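Enquirer: Opening piece of a complex, kept in its complex position:
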Amino acid sequence: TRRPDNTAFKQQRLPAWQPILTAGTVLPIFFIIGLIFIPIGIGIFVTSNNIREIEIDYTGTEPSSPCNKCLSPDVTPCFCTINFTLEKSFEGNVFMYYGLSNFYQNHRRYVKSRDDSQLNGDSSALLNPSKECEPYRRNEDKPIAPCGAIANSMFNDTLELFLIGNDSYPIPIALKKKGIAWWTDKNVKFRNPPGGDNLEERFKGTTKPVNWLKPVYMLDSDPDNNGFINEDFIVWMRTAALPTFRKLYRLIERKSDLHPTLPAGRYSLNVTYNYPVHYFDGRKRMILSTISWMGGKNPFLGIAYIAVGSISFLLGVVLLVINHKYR
C-alpha cells in the first residue's frame, strides 16, 4: 500500500478535445457538402452525356432478325451480319467490348472452379491439377491444362467490322488484339509452364479442355501472346461481379490523319456465331464506345451526386429552421 503515481493517464486527466455539436458546427458541413457535390454531379453528368456509344444486340433470340438461323446451327460455322449506322463520327481511341447478360459468373460453384497454381506456370501443378476443378480435371486419362469451369466456358465468337463506303465495297477496319488486359495479370499472374522454347513440347501429357475446339497451342501464332498469357483468355478468366458484364475485346486506334477514327456512315458486323447462350435467357451484345478523360459513361454517379447535394442543402436549411425555432 503506497501513494499511486500522479500521471495524466492514471488520474483520468489526459489532454483532450470536447466537440459539442453546436448549431454553428454542423450546418457548415452540410452546406459545404452540398456546394461541393452539386458541381461534381453536374460535371460528371455533362461528361457522360458527351460520349458516343453504340450497343448492338445480336443474340438473335427474337425472330425477324438476321441471326436467328444460328439458334439451331446444323452446320458448326454459322455466320450472321448486322447492319447499323453511326450518325456522328467518333474520335480518338475506340473500344470494342463483348457483353453477356444473365450470365452468373459470380456463382460460388463457378468462381472456385480454378487452379491459380497451374496458371502460374508450375511444373508440379501442370500435371495432377488441383482438386477444386474436379468436373473438368481430367478428360479421359490425362490432365486438362486449363482445368475448371471458368476456362471451358470461354467466349467462342469472332466479330469483325466493315465500313460501307461510297464505292459500295466493304472496307475492313483493323482491330488490335493486344494490350486489353491488366499488366500485372499478363506479366505476373499468368505465365507459361517453365522449360523449353517450343510451346508444343511444353504441354507434354496434357490435353485440351473438353469444350475448346483447339488446344492451348493454337490460341495465337505469336509466341508472346499464346499459352496462359493469351489476352483473350486473361480477360475472360477475370470473373465479373454481377450477372451483366462487359469484357474488353478489341482496340481501334485513332488514325494519325485528321479524319475521324470511325467516320460517320453505315457499318456491317460480321459475327461467327459459336457461343450458345439462348438456353438460359442470356443475351450477347457488342458495344462500341469512345474514350473519356474522366473514366467513362456513368450517369448514375452524376445523378446521385446531384440528388445528394440537393438533399444536403435542404437538410441544412431545415436544421437551421429547427434550431431557430427551438433556440
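Expert: Now that the structure is in, tell me what you want to look at. Numbers count the residues shown, from 1 in each chain, chains lettered A, B, ... in the order given.

Enquirer: what does the domain assignment say about chain A?
Expert: Chain A breaks down into these domains under automatic domain parsing: A:22-51+A:298-327, A:53-291.

Enquirer: Tabulate the ones you listed (a markdown table), appending distance to residue A:7 and mean neighbour count.
Expert: (C-beta placed from N, C-alpha, C; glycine too.) A markdown table is the format used below for the domains of chain A (distance: least, Cβ to Cβ, whole Å; neighbours: other Cβ atoms under 10 Å):
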| stretch | distance to residue A:7 | mean neighbour count |
| --- | --- | --- |
| domain A:22-51+A:298-327 | 32 | 14 |
| domain A:53-291 | 51 | 15 |
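
Enquirer: Rebuild these as TSV, extending it with distance to residue A:12.
Expert: Shown next, in TSV, are the domains of chain A (distance: least, Cβ to Cβ, whole Å):
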stretch	distance to residue A:12
domain A:22-51+A:298-327	25
domain A:53-291	49
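
Enquirer: Would you tell me which of the ones you listed gets closest to residue A:14?
Expert: Closest approach to residue A:14 among the domains of chain A (Cβ to Cβ): domain A:22-51+A:298-327, 22.8 Å.

Enquirer: So what's the gap between that closest one and the chain middle?
Expert: Averaging C-alpha positions (Cα atoms, centre = their mean, to the nearest Å) puts domain A:22-51+A:298-327 31 Å from its chain's average.

Enquirer: End to end on that domain, go ahead and measure it.
Expert: From its first residue to its last, domain A:22-51+A:298-327 covers 11 Å (Cα to Cα, to the nearest Å).

Enquirer: Over to stretch A:150-164?
Expert: 38 Å.

Enquirer: hmm, who's touching stretch A:182-196?
Expert: By Cβ atoms under 8 Å, 6 or more residues apart in numbering, the surrounding residues in contact with stretch A:182-196 are A:116, A:119-123, A:126, A:199, A:202-203, A:227-229, A:231, A:233-234, A:237-238.

Enquirer: switch to 10 Å and redo it
Expert: Contacts of stretch A:182-196 with the rest of the structure, by Cβ atoms under 10 Å, 6 or more residues apart in numbering, involve A:116, A:118-123, A:125-127, A:145, A:178-181, A:199, A:201-204, A:206, A:216, A:223-231, A:233-235, A:237-238.

Enquirer: so which of the domains of chain A gets nearest residue A:9?
Expert: For the domains of chain A, the distance to residue A:9 is smallest for domain A:22-51+A:298-327, at 28.5 Å, taking Cβ to Cβ.

Enquirer: Tell me who's in contact with residue A:179.
Expert: A:186, A:231, A:248, A:251.

Enquirer: for residue A:326, same thing?
Expert: Contact analysis of residue A:326 by Cβ under 10 Å, 6+ apart lists residue A:23.

Enquirer: what separates it from residue A:187, distance-wise?
Expert: 63 Å (Cβ to Cβ, to the nearest Å).

Enquirer: rewinding a little: please identify which of the domains of chain A is closest to residue A:3.
Expert: domain A:22-51+A:298-327 (40.5 Å).

Enquirer: gap between the two ends of stretch A:189-205?
Expert: One end of stretch A:189-205 sits 23 Å from the other (Cα to Cα).

Enquirer: gap between that stretch and the chain center?
Expert: Stretch A:189-205 has its C-alpha centroid displaced from the chain centroid by 28 Å (Cα atoms, centre = their mean).

Enquirer: Specify the local secondary structure of residue A:160.
Expert: Classification of residue A:160 using DSSP: H, G, I helix; E, B strand; the rest coil returns strand.

Enquirer: For the closest residue to it other than its chain neighbours, name its beta-bridge partners.
Expert: Leaving aside its chain neighbours, residue A:160 sits nearest to residue A:270 (4.2 Å; criterion: Cβ to Cβ, 6 or more residues apart in numbering). As for beta bridges, residue A:270 partners with residue A:81, residue A:160 under DSSP bridges.

Enquirer: now for chain B:
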Amino acid sequence: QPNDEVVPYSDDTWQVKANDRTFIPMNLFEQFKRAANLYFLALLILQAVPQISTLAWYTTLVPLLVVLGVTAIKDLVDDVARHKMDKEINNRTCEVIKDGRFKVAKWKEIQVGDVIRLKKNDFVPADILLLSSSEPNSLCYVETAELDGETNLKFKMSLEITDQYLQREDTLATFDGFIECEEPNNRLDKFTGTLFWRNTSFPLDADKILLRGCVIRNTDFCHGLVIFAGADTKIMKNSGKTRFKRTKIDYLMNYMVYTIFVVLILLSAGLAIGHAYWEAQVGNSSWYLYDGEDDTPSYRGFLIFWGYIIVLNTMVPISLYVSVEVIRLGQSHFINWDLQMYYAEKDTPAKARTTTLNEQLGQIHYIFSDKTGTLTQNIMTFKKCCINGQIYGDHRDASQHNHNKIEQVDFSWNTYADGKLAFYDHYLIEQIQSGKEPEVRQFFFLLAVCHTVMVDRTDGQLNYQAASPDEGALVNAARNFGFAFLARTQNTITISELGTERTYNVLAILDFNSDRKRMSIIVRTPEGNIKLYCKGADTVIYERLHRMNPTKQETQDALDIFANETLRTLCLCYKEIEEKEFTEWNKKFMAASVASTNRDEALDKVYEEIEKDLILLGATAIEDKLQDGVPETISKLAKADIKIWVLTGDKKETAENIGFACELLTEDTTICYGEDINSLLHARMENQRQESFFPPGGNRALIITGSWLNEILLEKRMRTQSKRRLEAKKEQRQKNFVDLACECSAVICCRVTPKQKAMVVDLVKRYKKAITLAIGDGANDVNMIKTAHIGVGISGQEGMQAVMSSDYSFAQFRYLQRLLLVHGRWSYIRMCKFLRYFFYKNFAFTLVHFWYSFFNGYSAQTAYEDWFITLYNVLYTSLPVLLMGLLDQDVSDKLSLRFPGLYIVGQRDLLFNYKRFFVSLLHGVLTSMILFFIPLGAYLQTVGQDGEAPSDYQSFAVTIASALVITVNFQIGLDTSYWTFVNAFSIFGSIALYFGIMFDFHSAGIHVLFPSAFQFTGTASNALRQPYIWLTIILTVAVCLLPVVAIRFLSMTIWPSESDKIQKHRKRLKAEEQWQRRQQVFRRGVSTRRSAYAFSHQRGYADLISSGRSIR
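Expert: Adding chain B to the chains above:
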C-alpha cells in the same frame, strides 16, 4: 414480549484434548460456460467438411486463437493478483505451545486442543477457553466492536481451578485436560460444555470463552486453550455462502446473443429456400454451372443452408467478451490508481479486488451501511455542559462574549491536564478558579466520583482504563478541569480536588443496567457527611426530583438545546443522607446483598428505595465523532436518488443519536418504532382479511430493533397444506414490510444479527428488484457484503475481516462520493457506448453477403476478400472502440459531483435497453444496404472502362471493403466526446493499417511464394487509382454518415439530455455553496420533544469493584 436490549441469536459431542494436536481448466471453463466458443468450434467443424464449406479454415481460427490467448493472459494476471492480495494480507502470528515452550506460529498452524498465549490488543485467533491471565482472578477484558457494533468492553473470567494452577508456562506445557462441548454453531451468546481435569468435572459457560473477533484490552497477557478453529469458529459460521456475482448487463448480452442466433438461423433458412428455387428454375438451364453431381434443387438448398450459416457466422461477435473484459480490467485499474480515493493518514489506497462488477456501480438503488466503524471513528468527546441553568462550552473569551474567533484555553494551571481535551471557553475556567459558585466544582466532583473506571499508574502517567466510552470521556473532562480520579481501592477513592488530595470512603455503588438507566454512588466525606451522587437518563431522573428545584426549567432548556445539536445527554443529581436513614438502608441493602437466589430483584428494590429526593446539578453533552464528510456524502447520494439504510448491531439509543447526527433524521421526520410498524401491518392484514400506508406528503423514519424485526416478519397430508399456507402468509407479510419500509425517508435497524442484515438485504433485492450495495467493516457485516450485488469493506483498520469478501475496499465512507458518481457512472456510460457501437459495426459488416445473395444465385459467395474477413474484427475495428471505452467522459468529475442528478440516467436503464439493441441492428442493416447498393449502381455502368478497367469481382470487393472501413472508423469518431490524442491516433491509424496490410497482401512476392492462398494479387494497385472508384467511396461514406449527424443534432436540439445542458452552460457555472449543517431549529411550545439520552455500559463492574475481584 420483544426485548430491545438483546440481539436474537436464537431466532436464526465435540471433544478436545490439551497438548494432543493451469491453462487447460481455464480453457475448458471458458469453452463450456461461454456458448460462443462452442459455437465457433462447431463452425470450425462445419468448415472442415468440403461438401458444405464456404470459407477457409483460417477465418475462424486466426481470430479464435487470439481470443483464447488474450483471455488466458487476463486470467493468469488475475490469478497472480489474487494470490498476491491473499499472501500479503494474511500476515498474522500468535504464540502457541507446540514444543517445550512458546513458539511463534501463523494463525494457520492452530489445532483444536493446543494452548496459546495472547497479549494486549491482540486479535483472538480462534475460540479460546480462558485459562489464566495476569489480572487478579484471571479476569480479561475484551472489545467486541466487530462481532457486534458495541463499543464497550466486556469481561471474561476463568474457572477457579484453572486460575490457581495454570499461572505459569511450565504447567501449561504439561497441561492435559479433556473437554466435551457442543458441536460448532452460529450462536455467539451461549456455550454449554464440560471440562474434565484432575479427575473432576467442571461446567463451562459463555463467560469463559473468547470468540475470534474479540480484541484483548487492559490485560498484559492471557493464556487459553483453543476450542474451535478455522471455519468452525462461531463468527465464521455466520458468514453466508459465497456466490458468483453477475452484472445486470450480462444477462441482457446473453439474450442479445440468443436473438442474433435466431436471426441468423432465419436468414440462412430463407436464403436456402431461395437457392433451392433458383437452382430449380435457372440452375439446370445454365450449361456452364455443371459440376457433375446428381443433386436435386432441394438437396442443394439443404446443403447450402450450412454454407450460409458459415458465411453469416460473423454476425455473432467473436471478440465481444475479450473487449468487455479488457474494458472492465482497465476501469478497475483506474479505480485502483485514483488519488482522491487515497487515505494518507493510514496510507490505504482504494482497491478493486473484483474486476468484473464495474458498470453495476452506476445502477445502485439502495445502500446498506454499518454504523460502528463505518459512519463513526469510535471517538467521543465532552463538548458542552449546563450548570445551574447556564450553558457552558460555547465560544467565549474572559468573562464576557467578545468574538467567535477565540483561541484555546490553556490548562497550564492544572497539573494532571494534557492536550487530549480541546475546549474553547474561558468563562468556565474563571468560574472554576474563583470558586464563587461551589456547585461548579461539585459538578466535576460528581463527574469524577460517580464513574466506575479503573486507574493504572505503572509509569506514573495516571492512565484511565474505562469500560464505557462515555465514562472515559467524562472522567477525562473532570481530570482536565482539576478534579483527577487518582486511585481506588475496595472501600476508598482518592480524588484530588484542585491540588488537594482527599481520600473519601465509598459506602455503596448503585450499579447500571439497561432498565435502571442510571448509576449512583453513596460515599462518606472525610468530615463525616454522607452523600449520594447519581447520573443517568433525564427521563428516569426527572421523576425523582425533590419538590424544590428552581433550575429545573433552565436545565430542561439546556437538554433540549443539546438534543437539538445531536449530542448524548445525561442528567446529574445529588442528595444528603442522615445517619439513621443511612444505617436502616444499609441494613436492608446488606440483607438484599446476600440473598443470591433472587439477588437482582432485591437489589433493584433497595436501589429504588433510596433514590427518591434528588437535587439537580446540570447536564453533560458527549459528541460521538463521525468520519469526515459523512453527512455531505449522505446528502449528495440523496440528491442522486439513492436510499441509505443503516443496519447496525448497536443499541437503539446510539443508533438513533447517529441517525440524527448524520442528518438522516430531522425535526420534521416522525419516528416509528417496532410496535407502531407491527400495529400498522396488523391493521393492513386485517383489512385484507396499493393504498399508501402513510399520506404521501408526510415525512417519516423507521427505528426497528432486531427482536421487533423478527416479530413483524413472523420469523420468531395436512402438514403440506399447513406449510404452504404458512409460507404464503410469511411471503405476504414480508412484501408488506418491504413496501412500508421503501415508502419512508430513512430506515435504521438496531440489535440485528448478521443473518438479519443478510435477510433485510435479500428481502429488498427480491421484493423490490433493486440493485443493492453493502458497506461495512468487522465480521458481522461480512454476510451482507456477500449477499448484496456490490460489497464494500472499510479497510485501513486492523480488522481485515470485511475486506476479505468485499468487492471494493477503500478506507473511508466519504470516498463513496467518487465510487458511484464518477467511476460507476462513467463505467456505465462507456459500457453502453461500447455495446451499441460494437453491435452496429458487426451487423453492418455481415449483411453485405445477404444483400449480394440476390445477384449471385443465392450461392453463398462472399463479397469480401478471404483475408479481410479474417482481420476485420481483430485489426481494423478493434482498438478504437476499446480506447473509447477506456477514455470517454461526458462531463468532468468536478462537474459530475456537483450535479448528482446525472446518476439517474443509469438508474433507470436508459442508455442501453432491449430497444436500443434493435435500433443499432436497424442502423447496421441500413448501413450495409447503402454500402452495397451504391457501389452496385456505380458498377452496373462503366467504371473506368479501358485497358486497365477495374469492373470485376475483386475491384467490387475492395471498393466495398474500403467504404465499410472508412464508414465504421468515422462512426466511432462521431460517437466519442473525449478526443484524446490516442483516440484520434487509433481512429486514423486503423484505416492506415488496413490499407497497408491490403497493399501487402496484393503484392507480387507473396503471390510468387504461394499463389493458392492469395487470389487478389494486384487488385488494390489497379483499382484505387481510378477517380470513379474514389468518388463512389466518398459518396457511400457521405450517405452513410450525413443522416446520423442530422439525427444526432435534431435529438440534441429538441430533446437535450442533462449532460448536454450541463455542457452548453459549463462556462457560466460558478455558484457552488458547500454543504452546511442546518444551524438553528430552535422552537417553542413543548417542554420536551425528544429525549437525547444515550449511554453505553454493561452491568456487573460495580459488583467486581465492591468485591476484591477487580482489585490487584
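
Enquirer: Same as before for the contacts of residue A:326, with chain B this time.
Expert: Neighbouring residues of residue A:326 by Cβ atoms under 10 Å, 6 or more residues apart in numbering or on different chains: A:23, B:1050, B:1053, B:1054, B:1055, B:1056.

Enquirer: ok, now residue B:498?
Expert: Contacts of residue B:498 by Cβ under 10 Å, 6+ apart are B:413, B:414, B:415, B:432, B:433, B:435, B:441, B:444, B:481, B:482, B:483, B:484.

Enquirer: before we move on, back to that, of the contacts of residue A:326, closest to residue B:574?
Expert: Nearest member of those to residue B:574, counting by Cβ to Cβ, is residue B:1056, at 69.7 Å.

Enquirer: Now the buried members of the contacts of residue A:326.
Expert: A:23, B:1050, B:1053 (16 or more other Cβ atoms under 10 Å in any protein chain shown).

Enquirer: I'd like the distance between the first one and chain B.
Expert: Translated: residue A:23. Distance of residue A:23 to chain B, given as Cβ to the nearest Cβ, to the nearest Å: 7 Å.

Enquirer: which residues sit in contact with that residue?
Expert: Neighbouring residues of residue A:23 by Cβ under 10 Å, 6+ apart: A:319, A:320, A:322, A:323, A:324, A:326, A:327, B:1049, B:1052, B:1053.

Enquirer: The second one now?
Expert: Residues near residue B:1050 by Cβ under 10 Å, 6+ apart: A:26, A:315, A:318, A:319, A:322, A:323, A:326.

Enquirer: Can you say which helix or strand has the fifth one in it?
Expert: It stands for residue A:322. helix A:299-325 (DSSP states H and E).

Enquirer: what's near enough to touch the closest residue to residue A:140 other than its chain neighbours?
Expert: Distances taken as Cβ to Cβ, 6 or more residues apart in numbering or on different chains place residue A:207 nearest to residue A:140, at 7.7 Å, with adjacent residues excluded. Neighbour list for residue A:207: A:138, A:139, A:140, A:141, A:142, A:143, A:144, A:145, A:215, A:216 [criterion: Cβ under 10 Å, 6+ apart].

Enquirer: wait, what's in contact with the spatially most central residue of chain A?
Expert: The centre of chain A sits closest to residue A:247, judged by Cα atoms, centre = their mean, with a distance of 4.1 Å. Going by Cβ under 10 Å, 6+ apart, residue A:247 touches A:97-100, A:105, A:155, A:180, A:232, A:235-236, A:238, A:240, B:949, B:951-952.

Enquirer: quick one: residue B:405 and residue B:396 touch, right?
Expert: No: counting by Cβ atoms under 10 Å, no contact exists between residue B:405 and residue B:396, whose distance comes to 12.0 Å.

Enquirer: follow-up on the earlier one: if we only consider the contacts of residue A:23, which is nearest to residue B:213?
Expert: Lowest distance from residue B:213 to the contacts of residue A:23 (Cβ to Cβ) belongs to residue B:1052, with 55.2 Å.

Enquirer: Now the closest one: which helix or strand?
Expert: Judged by DSSP H and E, residue B:1052 forms part of helix B:1027-1054.

Enquirer: got the angle for that helix vs helix A:299-325?
Expert: Computed with axes from the mean of the first three to the mean of the last three Cα atoms, to 10 degrees, the direction of helix B:1027-1054 lies at 20 degrees from that of helix A:299-325.

Enquirer: Report the buried residues of helix B:1027-1054.
Expert: B:1028-1029, B:1031-1042, B:1044-1046, B:1049-1050, B:1052-1053.

Enquirer: Check stretch B:159-167 too.
Expert: B:159, B:162, B:163, B:165, B:166, B:167.

Enquirer: Just the endpoints, please. Distance across that stretch?
Expert: First-to-last residue span, stretch B:159-167, Cα to Cα: 12 Å.

Enquirer: From the chain's centroid, how far away is it?
Expert: Centroid separation for stretch B:159-167 versus its chain: 45 Å, with Cα atoms, centre = their mean.

Enquirer: for stretch B:757-775, same thing?
Expert: On the basis of Cα atoms, centre = their mean, stretch B:757-775 sits 12 Å off its chain's mean C-alpha point.
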